[PDB]
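The block underneath contains the structure these notes are about, expressed in structure tokens.
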Amino acid sequence: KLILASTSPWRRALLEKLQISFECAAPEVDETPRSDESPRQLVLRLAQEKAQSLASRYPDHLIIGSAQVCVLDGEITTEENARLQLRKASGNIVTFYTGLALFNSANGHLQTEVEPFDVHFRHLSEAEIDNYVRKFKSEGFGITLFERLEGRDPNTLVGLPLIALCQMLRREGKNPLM
Amino acid sequence: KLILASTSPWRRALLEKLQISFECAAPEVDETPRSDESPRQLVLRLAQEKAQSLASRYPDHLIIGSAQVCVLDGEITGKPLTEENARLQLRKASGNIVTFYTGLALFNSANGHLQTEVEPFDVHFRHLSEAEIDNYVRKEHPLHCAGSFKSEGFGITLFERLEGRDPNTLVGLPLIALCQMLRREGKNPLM
């Protein structure tokens with residue numbers, strides 16, 4: 001009944017927390033941002049399309065779609081760039097936007113939500129940045145780079161807004177608790 | 001050089017995230033709350049005491065101590081132990097905020113420098129039905145979790161939002177705060 005339109009092992013792991021059986025499937029959606037598209041609009045669209053793209057292969061199902069980007073001074077986002085990309089993040093608040101869609105392919109009902117999560121980075125030195133790339137995992141070693149994590153749900157940062165998903169599931173009469 | 005003064009397997013797992021060599025040892029402390037001791041005073045005291053209790057065993061080291069308490073309507077709340085008490089705790093949590101205070105201490109036994117901090121984390125609950133409460137307890141059996149839920153797992157099904165500096169703090173070790181203390185002692189995990 002429940003389908004995750006993703007082959008991400010992180011998203012898979014997160015969904016397993018809800019203890020509802022599901023199957024994974026790759027959506028094969030082009031995630032390239034459009035010209036005048038905001039971060040919020042983009043992940044919203046991508047979440048929806050990923051869920052809707054599987055509707056014929058899984059035509060009597062609740063299909064979960066999700067997408068995430070981060071914004072580094074208003075820009076949507078090799079080991080070579082990480083040095084710069086961490087250099088860009090340094091001393092700044094980097095906002096992640098995570099879109100979520102639950103599509104009922106049986107009756108066409110769609111629920112969507114976009115949830116922000118702010119990562120406040122420490123002022124980093126070049127050495128730190130170098131050392132870190134030599135060795136981001138917000139649930140792991142990336143904690144060494146942060147001053148503060150600010151958002152509704154730490155699962156969102158990892159890539160699936162589970163609190164929001166539970167609400168959507170409750171609306172579809174599939175409270176994980178029942 | 002780094003020592004974790006803890007009998008907790010999850011504190012060990014969390015500290016590993018920093019990728020610094022350490023050893024664990026069980027601390028020697030009275031964990032009993034004292035009379036009129038507030039939740040924040042308790043976890044600060046216990047964190048400092050755990051770290052300091054290993055100073056003679058580990059006299060040239062950085063020693064980490066930590067303690068956590070769960071607070072519901074101003075009252076320290078322990079492990080439920082029974083299903084009845086688990087349902088009771090969750091009724092108290094329902095539509096409410098559960099606050100965890102996590103004390104942290106780093107004691108340098110070589111130069112005697114002690115750093116301590118208490119960091120809160122607030123778990124905002126949904127308004128839960130009796131059926132939801134009964135189902136969670138039966139599925140999860142959180143009988144040895146103070147507050148009667150597991151935030152890192154199926155407990156996410158109960159929450160409206162999570163409010164705090166660092167998700168690790170909720171799991172029982174404030175890692176952002178610990179990193180700061182380690183840097184202050186010239187032991188940056190990134191160095």
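Chain labels A, B, ... are given in the sequence in which chains occur in the structure tokens; within each chain residues are numbered consecutively from 1, and ligands are likewise numbered from 1 in the order shown.
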Surrounding residues of residue A:65 excluding itself and chain neighbours under 4 positions, 12 Å, only C-alpha atoms, as a PDB file with N, CA and C atoms, in the first residue's frame:
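Output contents, as saved in selection.pdb:
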ATOM      1  N   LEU A   2       1.870   1.326   0.847  1.00  0.00           N
ATOM      2  CA  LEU A   2       2.733   2.507   0.949  1.00  0.00           C
ATOM      3  C   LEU A   2       4.008   2.375   0.104  1.00  0.00           C
ATOM      4  N   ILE A   3       4.288   3.411  -0.697  1.00  0.00           N
ATOM      5  CA  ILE A   3       5.418   3.447  -1.614  1.00  0.00           C
ATOM      6  C   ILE A   3       6.264   4.691  -1.384  1.00  0.00           C
ATOM      7  N   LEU A   4       7.580   4.503  -1.320  1.00  0.00           N
ATOM      8  CA  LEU A   4       8.528   5.600  -1.228  1.00  0.00           C
ATOM      9  C   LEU A   4       9.190   5.765  -2.597  1.00  0.00           C
ATOM     10  N   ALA A   5       8.896   6.885  -3.254  1.00  0.00           N
ATOM     11  CA  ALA A   5       9.510   7.259  -4.531  1.00  0.00           C
ATOM     12  C   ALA A   5      10.904   7.808  -4.341  1.00  0.00           C
ATOM     13  N   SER A   6      11.811   6.934  -3.937  1.00  0.00           N
ATOM     14  CA  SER A   6      13.194   7.276  -3.667  1.00  0.00           C
ATOM     15  C   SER A   6      13.990   5.982  -3.523  1.00  0.00           C
ATOM     16  N   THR A   7      15.234   5.986  -3.996  1.00  0.00           N
ATOM     17  CA  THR A   7      16.181   4.910  -3.676  1.00  0.00           C
ATOM     18  C   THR A   7      17.284   5.389  -2.709  1.00  0.00           C
ATOM     19  N   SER A   8      17.052   6.523  -2.049  1.00  0.00           N
ATOM     20  CA  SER A   8      17.971   7.024  -1.030  1.00  0.00           C
ATOM     21  C   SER A   8      17.919   6.104   0.187  1.00  0.00           C
ATOM     22  N   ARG A  11      16.534   8.158   3.224  1.00  0.00           N
ATOM     23  CA  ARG A  11      15.074   8.342   3.258  1.00  0.00           C
ATOM     24  C   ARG A  11      14.410   7.046   3.652  1.00  0.00           C
ATOM     25  N   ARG A  12      14.947   5.941   3.143  1.00  0.00           N
ATOM     26  CA  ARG A  12      14.403   4.616   3.440  1.00  0.00           C
ATOM     27  C   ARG A  12      14.471   4.354   4.936  1.00  0.00           C
ATOM     28  N   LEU A  15      11.882   6.566   6.905  1.00  0.00           N
ATOM     29  CA  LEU A  15      10.520   6.055   6.788  1.00  0.00           C
ATOM     30  C   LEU A  15      10.281   4.797   7.639  1.00  0.00           C
ATOM     31  N   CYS A  24      10.211   0.631  -1.973  1.00  0.00           N
ATOM     32  CA  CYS A  24      10.897   1.739  -2.657  1.00  0.00           C
ATOM     33  C   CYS A  24      10.838   1.604  -4.173  1.00  0.00           C
ATOM     34  N   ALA A  25      10.846   2.738  -4.866  1.00  0.00           N
ATOM     35  CA  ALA A  25      10.976   2.753  -6.321  1.00  0.00           C
ATOM     36  C   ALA A  25      11.588   4.076  -6.776  1.00  0.00           C
ATOM     37  N   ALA A  26      12.530   4.006  -7.712  1.00  0.00           N
ATOM     38  CA  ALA A  26      13.160   5.205  -8.262  1.00  0.00           C
ATOM     39  C   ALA A  26      12.166   5.982  -9.139  1.00  0.00           C
ATOM     40  N   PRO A  27      11.916   7.259  -8.820  1.00  0.00           N
ATOM     41  CA  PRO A  27      11.004   8.073  -9.628  1.00  0.00           C
ATOM     42  C   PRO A  27      11.559   8.513 -11.002  1.00  0.00           C
ATOM     43  N   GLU A  28      12.879   8.615 -11.140  1.00  0.00           N
ATOM     44  CA  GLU A  28      13.495   9.121 -12.386  1.00  0.00           C
ATOM     45  C   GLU A  28      12.942  10.492 -12.837  1.00  0.00           C
ATOM     46  N   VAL A  29      13.052  11.493 -11.965  1.00  0.00           N
ATOM     47  CA  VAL A  29      12.613  12.855 -12.272  1.00  0.00           C
ATOM     48  C   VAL A  29      13.844  13.755 -12.450  1.00  0.00           C
ATOM     49  N   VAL A  43      11.410  22.432  -4.579  1.00  0.00           N
ATOM     50  CA  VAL A  43      11.271  21.168  -3.833  1.00  0.00           C
ATOM     51  C   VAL A  43       9.810  20.739  -3.726  1.00  0.00           C
ATOM     52  N   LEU A  44       8.890  21.707  -3.684  1.00  0.00           N
ATOM     53  CA  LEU A  44       7.463  21.395  -3.718  1.00  0.00           C
ATOM     54  C   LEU A  44       7.089  20.644  -5.003  1.00  0.00           C
ATOM     55  N   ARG A  45       7.541  21.194  -6.127  1.00  0.00           N
ATOM     56  CA  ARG A  45       7.273  20.639  -7.441  1.00  0.00           C
ATOM     57  C   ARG A  45       7.914  19.271  -7.578  1.00  0.00           C
ATOM     58  N   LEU A  46       9.177  19.175  -7.181  1.00  0.00           N
ATOM     59  CA  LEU A  46       9.919  17.944  -7.309  1.00  0.00           C
ATOM     60  C   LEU A  46       9.318  16.846  -6.442  1.00  0.00           C
ATOM     61  N   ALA A  47       8.863  17.181  -5.237  1.00  0.00           N
ATOM     62  CA  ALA A  47       8.232  16.176  -4.363  1.00  0.00           C
ATOM     63  C   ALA A  47       6.974  15.605  -5.019  1.00  0.00           C
ATOM     64  N   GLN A  48       6.098  16.503  -5.455  1.00  0.00           N
ATOM     65  CA  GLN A  48       4.899  16.142  -6.212  1.00  0.00           C
ATOM     66  C   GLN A  48       5.155  15.296  -7.436  1.00  0.00           C
ATOM     67  N   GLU A  49       6.088  15.724  -8.270  1.00  0.00           N
ATOM     68  CA  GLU A  49       6.367  14.990  -9.505  1.00  0.00           C
ATOM     69  C   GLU A  49       6.894  13.594  -9.205  1.00  0.00           C
ATOM     70  N   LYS A  50       7.747  13.460  -8.191  1.00  0.00           N
ATOM     71  CA  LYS A  50       8.322  12.162  -7.848  1.00  0.00           C
ATOM     72  C   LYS A  50       7.230  11.183  -7.439  1.00  0.00           C
ATOM     73  N   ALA A  51       6.262  11.667  -6.668  1.00  0.00           N
ATOM     74  CA  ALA A  51       5.132  10.848  -6.232  1.00  0.00           C
ATOM     75  C   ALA A  51       4.201  10.528  -7.392  1.00  0.00           C
ATOM     76  N   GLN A  52       3.866  11.546  -8.162  1.00  0.00           N
ATOM     77  CA  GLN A  52       2.991  11.374  -9.327  1.00  0.00           C
ATOM     78  C   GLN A  52       3.633  10.540 -10.447  1.00  0.00           C
ATOM     79  N   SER A  53       4.953  10.592 -10.586  1.00  0.00           N
ATOM     80  CA  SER A  53       5.618   9.835 -11.644  1.00  0.00           C
ATOM     81  C   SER A  53       5.426   8.310 -11.513  1.00  0.00           C
ATOM     82  N   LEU A  54       5.131   7.828 -10.308  1.00  0.00           N
ATOM     83  CA  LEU A  54       4.973   6.390 -10.047  1.00  0.00           C
ATOM     84  C   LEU A  54       3.515   5.938 -10.026  1.00  0.00           C
ATOM     85  N   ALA A  55       2.589   6.831 -10.349  1.00  0.00           N
ATOM     86  CA  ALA A  55       1.163   6.533 -10.176  1.00  0.00           C
ATOM     87  C   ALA A  55       0.639   5.382 -11.059  1.00  0.00           C
ATOM     88  N   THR A  98      12.892  21.290   2.396  1.00  0.00           N
ATOM     89  CA  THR A  98      12.526  19.909   2.140  1.00  0.00           C
ATOM     90  C   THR A  98      11.046  19.843   1.797  1.00  0.00           C
ATOM     91  N   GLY A  99      10.760  19.425   0.570  1.00  0.00           N
ATOM     92  CA  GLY A  99       9.406  19.263   0.087  1.00  0.00           C
ATOM     93  C   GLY A  99       8.970  17.830   0.313  1.00  0.00           C
ATOM     94  N   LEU A 100       7.685  17.662   0.561  1.00  0.00           N
ATOM     95  CA  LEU A 100       7.085  16.364   0.848  1.00  0.00           C
ATOM     96  C   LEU A 100       5.733  16.336   0.187  1.00  0.00           C
ATOM     97  N   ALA A 101       5.444  15.234  -0.502  1.00  0.00           N
ATOM     98  CA  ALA A 101       4.124  14.974  -1.073  1.00  0.00           C
ATOM     99  C   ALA A 101       3.678  13.583  -0.746  1.00  0.00           C
ATOM    100  N   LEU A 102       2.392  13.450  -0.407  1.00  0.00           N
ATOM    101  CA  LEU A 102       1.740  12.162  -0.256  1.00  0.00           C
ATOM    102  C   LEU A 102       0.610  12.144  -1.294  1.00  0.00           C
ATOM    103  N   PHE A 103       0.749  11.258  -2.278  1.00  0.00           N
ATOM    104  CA  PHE A 103      -0.188  11.142  -3.371  1.00  0.00           C
ATOM    105  C   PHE A 103      -0.910   9.827  -3.260  1.00  0.00           C
ATOM    106  N   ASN A 104      -2.224   9.916  -3.164  1.00  0.00           N
ATOM    107  CA  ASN A 104      -3.061   8.736  -3.201  1.00  0.00           C
ATOM    108  C   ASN A 104      -3.408   8.452  -4.671  1.00  0.00           C
ATOM    109  N   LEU A 110      -4.055  14.673  -3.161  1.00  0.00           N
ATOM    110  CA  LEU A 110      -2.663  15.077  -2.976  1.00  0.00           C
ATOM    111  C   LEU A 110      -2.485  15.970  -1.748  1.00  0.00           C
ATOM    112  N   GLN A 111      -1.463  15.653  -0.948  1.00  0.00           N
ATOM    113  CA  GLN A 111      -1.045  16.524   0.139  1.00  0.00           C
ATOM    114  C   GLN A 111       0.393  16.923  -0.074  1.00  0.00           C
ATOM    115  N   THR A 112       0.672  18.202   0.139  1.00  0.00           N
ATOM    116  CA  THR A 112       2.030  18.709   0.003  1.00  0.00           C
ATOM    117  C   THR A 112       2.410  19.614   1.160  1.00  0.00           C
ATOM    118  N   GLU A 113       3.715  19.704   1.397  1.00  0.00           N
ATOM    119  CA  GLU A 113       4.239  20.556   2.437  1.00  0.00           C
ATOM    120  C   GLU A 113       5.710  20.789   2.150  1.00  0.00           C
ATOM    121  N   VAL A 114       6.178  21.991   2.478  1.00  0.00           N
ATOM    122  CA  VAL A 114       7.592  22.317   2.371  1.00  0.00           C
ATOM    123  C   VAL A 114       8.003  22.778   3.762  1.00  0.00           C
ATOM    124  N   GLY A 159      16.428  14.369   5.564  1.00  0.00           N
ATOM    125  CA  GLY A 159      15.801  14.373   4.255  1.00  0.00           C
ATOM    126  C   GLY A 159      14.348  13.970   4.127  1.00  0.00           C
ATOM    127  N   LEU A 160      13.673  13.672   5.237  1.00  0.00           N
ATOM    128  CA  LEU A 160      12.267  13.325   5.177  1.00  0.00           C
ATOM    129  C   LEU A 160      11.529  13.974   6.347  1.00  0.00           C
ATOM    130  N   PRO A 161      10.517  14.826   6.049  1.00  0.00           N
ATOM    131  CA  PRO A 161       9.861  15.475   7.182  1.00  0.00           C
ATOM    132  C   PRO A 161       8.855  14.521   7.826  1.00  0.00           C
ATOM    133  N   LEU A 165       4.832  14.136   7.578  1.00  0.00           N
ATOM    134  CA  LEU A 165       4.339  12.915   6.957  1.00  0.00           C
ATOM    135  C   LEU A 165       3.335  12.182   7.819  1.00  0.00           C
TER     136      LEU A 165
END
Report as CSV: every residue of chain A with an atom at most 8 Å from chain B, its closest pair of atoms, and their distance in Å to one decimal, counting only C-alpha atoms, with rows sorted by chain and ascending residue number.
residue,atom,partner,partner_atom,distance
A:17,CA,B:154,CA,5.4
A:18,CA,B:154,CA,5.7
A:19,CA,B:154,CA,7.3
A:127,CA,B:191,CA,7.8
A:128,CA,B:190,CA,5.4
A:131,CA,B:190,CA,5.9
A:132,CA,B:190,CA,6.4
A:140,CA,B:17,CA,5.1
A:141,CA,B:17,CA,5.3
A:143,CA,B:176,CA,6.4
A:144,CA,B:179,CA,6.4
A:146,CA,B:176,CA,6.7
A:147,CA,B:176,CA,6.6
A:148,CA,B:165,CA,5.0
A:149,CA,B:165,CA,5.4
A:150,CA,B:165,CA,6.7
A:151,CA,B:163,CA,7.3
A:152,CA,B:161,CA,4.9
A:153,CA,B:162,CA,5.8
A:154,CA,B:167,CA,6.8
A:162,CA,B:156,CA,7.2
A:163,CA,B:156,CA,6.3
A:166,CA,B:157,CA,6.3
A:176,CA,B:157,CA,6.9
A:177,CA,B:132,CA,6.0
A:178,CA,B:135,CA,6.8
Quick one: pick out all strand (DSSP E) residues within chain A from a backbone DSSP run and write them as a short mmCIF file (atom, residue, chain, number, x, y, z; two decimals) with N, CA, C and O atoms, in the first residue's frame.
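That gives us states.cif:
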data_model
loop_
_atom_site.label_atom_id
_atom_site.label_comp_id
_atom_site.auth_asym_id
_atom_site.auth_seq_id
_atom_site.Cartn_x
_atom_site.Cartn_y
_atom_site.Cartn_z
N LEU A 2 1.87 1.33 0.85
CA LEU A 2 2.73 2.51 0.95
C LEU A 2 4.01 2.37 0.10
O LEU A 2 4.73 1.39 0.22
N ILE A 3 4.29 3.41 -0.70
CA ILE A 3 5.42 3.45 -1.61
C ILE A 3 6.26 4.69 -1.38
O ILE A 3 5.73 5.79 -1.29
N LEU A 4 7.58 4.50 -1.32
CA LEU A 4 8.53 5.60 -1.23
C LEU A 4 9.19 5.76 -2.60
O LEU A 4 9.92 4.88 -3.04
N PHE A 22 6.58 -0.70 3.53
CA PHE A 22 6.56 0.02 2.26
C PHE A 22 7.50 -0.63 1.27
O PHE A 22 8.34 -1.45 1.64
N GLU A 23 7.37 -0.20 0.02
CA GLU A 23 8.28 -0.57 -1.04
C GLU A 23 8.92 0.70 -1.63
O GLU A 23 8.26 1.73 -1.74
N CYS A 24 10.21 0.63 -1.97
CA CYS A 24 10.90 1.74 -2.66
C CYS A 24 10.84 1.60 -4.17
O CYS A 24 10.82 0.49 -4.70
N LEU A 62 -0.57 4.84 -1.66
CA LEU A 62 -0.09 6.09 -1.11
C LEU A 62 1.39 6.16 -1.46
O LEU A 62 2.19 5.30 -1.04
N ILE A 63 1.74 7.17 -2.24
CA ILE A 63 3.10 7.34 -2.73
C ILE A 63 3.71 8.59 -2.10
O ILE A 63 3.15 9.68 -2.15
N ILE A 64 4.88 8.40 -1.51
CA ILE A 64 5.59 9.49 -0.86
C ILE A 64 6.66 10.03 -1.80
O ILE A 64 7.51 9.27 -2.28
N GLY A 65 6.62 11.34 -2.04
CA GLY A 65 7.70 12.02 -2.75
C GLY A 65 8.35 13.06 -1.86
O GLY A 65 7.67 13.70 -1.04
N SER A 66 9.67 13.21 -2.02
CA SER A 66 10.42 14.21 -1.28
C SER A 66 11.61 14.77 -2.05
O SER A 66 12.19 14.09 -2.90
N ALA A 67 11.95 16.01 -1.79
CA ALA A 67 13.10 16.65 -2.43
C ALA A 67 13.68 17.65 -1.48
O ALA A 67 12.97 18.16 -0.64
N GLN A 68 14.99 17.89 -1.57
CA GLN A 68 15.64 18.81 -0.68
C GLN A 68 16.72 19.61 -1.42
O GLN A 68 17.42 19.07 -2.27
N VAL A 69 16.83 20.88 -1.10
CA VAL A 69 17.95 21.69 -1.56
C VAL A 69 18.42 22.51 -0.39
O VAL A 69 17.71 22.63 0.61
N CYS A 70 19.64 23.04 -0.47
CA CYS A 70 20.00 24.09 0.47
C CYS A 70 20.33 25.37 -0.27
O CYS A 70 20.60 25.38 -1.49
N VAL A 71 20.27 26.46 0.46
CA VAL A 71 20.47 27.77 -0.11
C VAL A 71 21.68 28.37 0.58
O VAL A 71 21.73 28.43 1.80
N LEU A 72 22.67 28.76 -0.21
CA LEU A 72 23.88 29.37 0.30
C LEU A 72 23.95 30.81 -0.21
O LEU A 72 24.30 31.04 -1.37
N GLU A 75 21.59 31.19 -3.18
CA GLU A 75 21.86 30.28 -4.31
C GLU A 75 21.48 28.82 -4.00
O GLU A 75 21.97 28.24 -3.04
N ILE A 76 20.64 28.22 -4.85
CA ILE A 76 20.21 26.84 -4.69
C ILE A 76 21.36 25.89 -4.98
O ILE A 76 22.11 26.07 -5.94
N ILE A 93 24.07 31.19 8.36
CA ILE A 93 22.91 30.32 8.53
C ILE A 93 22.56 29.80 7.14
O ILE A 93 22.25 30.58 6.25
N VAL A 94 22.66 28.48 6.96
CA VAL A 94 22.27 27.84 5.72
C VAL A 94 20.90 27.17 5.89
O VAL A 94 20.70 26.33 6.77
N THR A 95 19.97 27.56 5.04
CA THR A 95 18.62 27.03 5.10
C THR A 95 18.45 25.89 4.12
O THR A 95 18.73 26.03 2.92
N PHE A 96 17.98 24.76 4.64
CA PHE A 96 17.53 23.65 3.82
C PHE A 96 16.02 23.72 3.64
O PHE A 96 15.29 23.99 4.60
N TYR A 97 15.55 23.48 2.41
CA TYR A 97 14.14 23.34 2.13
C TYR A 97 13.85 21.90 1.72
O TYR A 97 14.50 21.35 0.81
N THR A 98 12.89 21.29 2.40
CA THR A 98 12.53 19.91 2.14
C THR A 98 11.05 19.84 1.80
O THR A 98 10.20 20.20 2.61
N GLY A 99 10.76 19.42 0.57
CA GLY A 99 9.41 19.26 0.09
C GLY A 99 8.97 17.83 0.31
O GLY A 99 9.77 16.90 0.26
N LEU A 100 7.68 17.66 0.56
CA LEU A 100 7.09 16.36 0.85
C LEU A 100 5.73 16.34 0.19
O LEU A 100 4.96 17.29 0.34
N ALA A 101 5.44 15.23 -0.50
CA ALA A 101 4.12 14.97 -1.07
C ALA A 101 3.68 13.58 -0.75
O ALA A 101 4.48 12.65 -0.80
N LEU A 102 2.39 13.45 -0.41
CA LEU A 102 1.74 12.16 -0.26
C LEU A 102 0.61 12.14 -1.29
O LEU A 102 -0.33 12.94 -1.20
N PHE A 103 0.75 11.26 -2.28
CA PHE A 103 -0.19 11.14 -3.37
C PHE A 103 -0.91 9.83 -3.26
O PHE A 103 -0.30 8.76 -3.25
N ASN A 104 -2.22 9.92 -3.16
CA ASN A 104 -3.06 8.74 -3.20
C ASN A 104 -3.41 8.45 -4.67
O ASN A 104 -4.25 9.15 -5.23
N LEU A 110 -4.06 14.67 -3.16
CA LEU A 110 -2.66 15.08 -2.98
C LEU A 110 -2.49 15.97 -1.75
O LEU A 110 -3.24 16.92 -1.54
N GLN A 111 -1.46 15.65 -0.95
CA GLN A 111 -1.04 16.52 0.14
C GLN A 111 0.39 16.92 -0.07
O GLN A 111 1.23 16.10 -0.47
N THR A 112 0.67 18.20 0.14
CA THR A 112 2.03 18.71 0.00
C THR A 112 2.41 19.61 1.16
O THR A 112 1.56 20.22 1.82
N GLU A 113 3.71 19.70 1.40
CA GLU A 113 4.24 20.56 2.44
C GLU A 113 5.71 20.79 2.15
O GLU A 113 6.38 19.93 1.56
N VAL A 114 6.18 21.99 2.48
CA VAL A 114 7.59 22.32 2.37
C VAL A 114 8.00 22.78 3.76
O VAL A 114 7.33 23.60 4.38
N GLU A 115 9.08 22.21 4.29
CA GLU A 115 9.50 22.55 5.64
C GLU A 115 10.95 23.01 5.64
O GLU A 115 11.82 22.29 5.13
N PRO A 116 11.22 24.19 6.22
CA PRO A 116 12.57 24.70 6.29
C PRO A 116 13.33 24.15 7.51
O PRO A 116 12.71 23.63 8.47
N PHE A 117 14.65 24.16 7.43
CA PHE A 117 15.51 23.79 8.55
C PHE A 117 16.78 24.62 8.40
O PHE A 117 17.41 24.60 7.34
N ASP A 118 17.15 25.32 9.46
CA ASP A 118 18.30 26.21 9.44
C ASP A 118 19.47 25.57 10.15
O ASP A 118 19.34 25.14 11.31
N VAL A 119 20.60 25.54 9.46
CA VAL A 119 21.85 25.15 10.06
C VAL A 119 22.73 26.37 10.24
O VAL A 119 23.14 26.98 9.25
N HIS A 120 23.02 26.71 11.50
CA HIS A 120 23.90 27.82 11.84
C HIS A 120 25.31 27.28 11.91
O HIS A 120 25.60 26.44 12.78
N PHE A 121 26.17 27.70 10.99
CA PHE A 121 27.55 27.20 10.97
C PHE A 121 28.45 28.06 11.86
O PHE A 121 28.26 29.29 11.97
N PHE A 146 28.83 22.98 13.38
CA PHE A 146 27.62 23.73 13.70
C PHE A 146 27.62 24.47 15.04
O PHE A 146 28.21 24.01 16.02
N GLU A 147 26.96 25.61 15.05
CA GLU A 147 26.70 26.40 16.24
C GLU A 147 25.32 26.03 16.80
O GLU A 147 25.10 26.03 18.01
N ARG A 148 24.39 25.75 15.88
CA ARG A 148 22.98 25.53 16.26
C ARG A 148 22.19 24.97 15.09
O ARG A 148 22.42 25.38 13.95
N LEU A 149 21.24 24.09 15.39
CA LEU A 149 20.32 23.53 14.42
C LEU A 149 18.90 24.00 14.77
O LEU A 149 18.46 23.84 15.90
N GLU A 150 18.20 24.63 13.82
CA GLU A 150 16.92 25.24 14.12
C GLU A 150 15.85 24.84 13.13
O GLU A 150 15.91 25.20 11.95
N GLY A 151 14.86 24.09 13.61
CA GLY A 151 13.76 23.66 12.76
C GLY A 151 12.79 22.81 13.53
O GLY A 151 13.07 22.38 14.65
#
Skip stretch 36-46 of chain B itself and residues of its chain fewer than 5 positions away, then list as a PyMOL selection string all residues within 9 Å of it, counting only C-alpha atoms.
chain B and resi 29-31+51+65-71+74-76+101-105+116-120
Between atom CA of residue A:88 and atom CA of residue A:138, what is the distance in Å, rounded to a tenth?
17.0 Å
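For the pair atom CA of residue B:138 and atom CA of residue B:9, the interatomic distance is 24.5 Å.
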If you count only C-alpha atoms, which residues fall within 7 Å of residue B:24, apart from same-chain ones fewer than 4 positions away, as a PDB file with N, CA, C and O atoms, in the first residue's frame?
ATOM      1  N   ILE B   3      38.388  10.782  27.991  1.00  0.00           N
ATOM      2  CA  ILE B   3      37.751   9.776  28.783  1.00  0.00           C
ATOM      3  C   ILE B   3      36.275  10.131  28.918  1.00  0.00           C
ATOM      4  O   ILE B   3      35.942  11.275  29.247  1.00  0.00           O
ATOM      5  N   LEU B   4      35.405   9.146  28.717  1.00  0.00           N
ATOM      6  CA  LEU B   4      33.979   9.306  28.949  1.00  0.00           C
ATOM      7  C   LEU B   4      33.593   8.633  30.247  1.00  0.00           C
ATOM      8  O   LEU B   4      33.700   7.396  30.395  1.00  0.00           O
ATOM      9  N   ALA B   5      33.114   9.446  31.187  1.00  0.00           N
ATOM     10  CA  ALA B   5      32.716   8.992  32.498  1.00  0.00           C
ATOM     11  C   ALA B   5      31.267   8.603  32.477  1.00  0.00           C
ATOM     12  O   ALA B   5      30.423   9.340  32.971  1.00  0.00           O
ATOM     13  N   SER B   6      30.978   7.438  31.915  1.00  0.00           N
ATOM     14  CA  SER B   6      29.604   7.023  31.710  1.00  0.00           C
ATOM     15  C   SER B   6      29.458   5.524  31.576  1.00  0.00           C
ATOM     16  O   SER B   6      30.285   4.879  30.939  1.00  0.00           O
TER      17      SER B   6
END
Could you write out, as number ranges by chain, all the residues of stretch 18-152 of chain B that DSSP marks as alpha helix (DSSP H)?
B: 39-52, 83-93, 130-140
Nearest-residue call for residue B:53, choices B:94, B:109, B:151, B:115, using only C-alpha atoms
B:109
Just checking: using only C-alpha atoms, which residue out of B:86, B:25, B:170, B:93 ends up closest to residue B:128?
B:93
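Across the model, the gap from atom CA of residue B:21 to atom CA of residue A:84 is 28.8 Å.
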I'd like the contact shell of residue B:55 - 9 Å cut-off, only C-alpha atoms, skipping same-chain residues fewer than 5 positions apart - returned as a ChimeraX atom specification.
/B:60-61,63,107-110
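Among the candidates B:26, B:10, B:32, B:83, the residue lying nearest to residue B:57 is B:26 (atoms considered: only C-alpha atoms).
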Which residue of A:139, A:168, A:59, A:174 approaches residue B:13 most closely, using only C-alpha atoms
A:139
